[PDB]
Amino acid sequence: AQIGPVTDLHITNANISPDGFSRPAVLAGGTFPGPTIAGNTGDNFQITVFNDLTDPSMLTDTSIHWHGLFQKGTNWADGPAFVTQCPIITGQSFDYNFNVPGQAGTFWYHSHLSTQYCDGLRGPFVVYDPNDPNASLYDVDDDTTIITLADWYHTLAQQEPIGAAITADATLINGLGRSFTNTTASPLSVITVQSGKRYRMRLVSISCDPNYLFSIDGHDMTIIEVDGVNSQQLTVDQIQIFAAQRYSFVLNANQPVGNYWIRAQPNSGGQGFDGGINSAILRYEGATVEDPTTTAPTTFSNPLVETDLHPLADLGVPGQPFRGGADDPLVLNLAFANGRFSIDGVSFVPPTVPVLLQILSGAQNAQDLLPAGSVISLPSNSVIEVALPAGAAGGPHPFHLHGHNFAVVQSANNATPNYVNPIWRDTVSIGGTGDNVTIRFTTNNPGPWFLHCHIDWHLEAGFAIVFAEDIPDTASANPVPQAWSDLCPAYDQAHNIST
């Protein structure tokens, strides 16, 4: 069952064995992935998060981010530790009380403390639209049509060297999959369809690192949503999905009744499908209960290419149709050396006082804010352009901006910008050497918004900056509840920190 929009959510430690290997984890709702949180567009969500964690090897503090939800007027509820809050300590709870005006689509939630979401705190978050313009394109859209793609590690996250190339031990599809080494024939996930029906498959990358080449043997996929943004219909036979991205696609159950492999090939870790790694099963009602015998093609003839995507609505692009054609045009210098990432010459290390609390206490320019050199102010009611030229080791890096979606004016592997009708999204691959992936948005949401690579190991190694958007209006726009004001005193007391 789905939970929400008003619900408790308990965060616990437990042993799980999603690939046949038992390890302890950090779980929401007792499962991996966590339960789906859901509601309708414009609803009030009140997710009371109970921190019941006791195992220090995965951190007993926590904080949860609602990925892709804009949090307008509720920056304090966004979740990134030391940007918008101090962590919740064990034995305490916190009500994330916010609204989702003007958004409908496929989202997710995850820990946003250190690398803790890798240890298991990740689940889907769906905001349905009762008047969805795409409703007539499918018959079925429910908890059974959500497909999560996850990397899973046998080593606990707090034992991963910072700045290292860290590699997973299994791909999990809907929480199940097989290990790359010492492979055992543990259970595979089954997605069940009825011949003749059309399904809104909600594909969610809950990855901490790899991108996946996703396909379904014998089937194609008609994209209708990208990171929350309705798209024109685009039919493809493969989707390369980077960490934290989402797509809705229509699956037409139009092939013979049978069993078909669902494939998710990561860019690192196990390559191929030997022993049923990187796999799940599409089963038609009436098919025999047995593994598929289908083949992938050698090459995919209609792969997703990001510049082929266009919004369903006339979203356009803000600003002027050339590089630098914005009120505030920025170019970030994105680098890696010696185990640490940097942006504009500064490696991100979380501050002691959350950025939002520094601003509410009266710090009102970006040079007064800590960490020094990690906070860039943005002016209000202005068109922002951010060029993100690739080259830093460990790519391709999927950059994500909180508080906003953005027009993708230039995509990976294509030097031509689009100032007319690019897709809008919230997490974008910045590509390869020589690329110049560029995003645009307008500043109508006061508060400090994190910008970072969504490979969680890279964020931990410093690949982040904070956009302090409209510092002068942050306090009036974001009134804070007493429970939020209580978080830093409690956290600092528990950890013997003075501030």
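In this text, the rigid core denotes the largest set of C-alpha atoms whose superposition between the two forms falls within 1.5 Å. Residues carry their position along the shown sequence, with the first being 1.
For the pair 157-165 and 271-279, greater average C-alpha departure from the shown form in 9 other deposited structures of this protein after core alignment is found in 157-165. The PDB entry records a higher mean C-alpha B factor for 182-190 than for its counterpart among 76-84 and 182-190. Between 235-243 and 339-347, it is 339-347 that carries the larger average Cα temperature factor according to the deposited entry. When the Cα B-factors of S248, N418, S429, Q159 are read from the PDB record, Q159 comes out highest. When the Cα B-factors of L203, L176, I206, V289 are read from the PDB record, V289 comes out highest.
Compared with the other modelled residues of the chain, the Cα B-factor recorded for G30 ranks in the highest third. In this PDB entry, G462 carries a Cα temperature factor that places it within the middle third of its chain's modelled residues. Among the modelled residues of its chain, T474 has a C-alpha B-factor that falls in the middle third, as given in the PDB entry. Among all modelled residues in this chain, the alpha-carbon of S279 has a temperature factor (C-alpha) in the lowest third. Among the modelled residues of its chain, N436 has a C-alpha B-factor that falls in the lowest third, as given in the PDB entry.
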